[PDB]
Amino acid sequence: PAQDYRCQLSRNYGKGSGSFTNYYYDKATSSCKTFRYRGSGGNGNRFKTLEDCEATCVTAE
């Protein structure tokens with residue numbers, strides 16, 4: 001669960017200014033969940049889908 005920093009990076013949080021809603025890999029649950037991404041200040045490892053996120057992070061390990 002740490003092949004590369006692409007399985008780490010930042011999540012920021014995702015309050016939302018315009019809200020896009022993408023996924024991010026939350027390393028408190030070690031799984032991909034969603035977040036508004038904010039839009040204007042989304043400083044995180046954005047993932048379009050969790051199946052994409054899980055692919056690299058969760059399944060490539």
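Quick note: the coordinates plus some simple rules give every number you see, no bench work behind them. When we count neighbours, we look across all protein chains shown, and the Cβ atoms used for this are built from the backbone with ideal geometry, even at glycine.
Points to keep in mind about this one:
- Taken together, the criteria exclude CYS53 from residues that are of a type in the set (A, V, I, L, M, F, W, C), at negative phi and touching a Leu at 6+ places or on another chain (Cβ under 8 Å).
- Among residues that are closer than 24 Å to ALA60 by Cβ and either touching a helix residue (DSSP H, G or I) at 6+ places or on another chain (Cβ under 7 Å) or among the aliphatic types (A, V, I, L, M) (or both), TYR25 is included.
- Residues in region 43-52 that are outside any helix (DSSP H, G or I) and over 9 Å from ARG11 (Cα atoms): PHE47, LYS48, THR49.
- Under the condition of being surrounded by fewer than 17 Cβ atoms within 10 Å (Cβ to Cβ) and part of a strand (DSSP E or B), the residues counted in region 17-27 number 1.
- Residue count for region 28-42 satisfying the condition of being assigned to a loop (DSSP other than H, G, I, E, B) and under 12 Å from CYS53 (Cα atoms): 1.
- Yes/no for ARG6 being without any contact (Cβ under 8 Å) to a residue 60 or more places away in the chain, over 14 Å from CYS57 (Cβ atoms) and not hydrophobic (A, V, I, L, M, F, W, C): no
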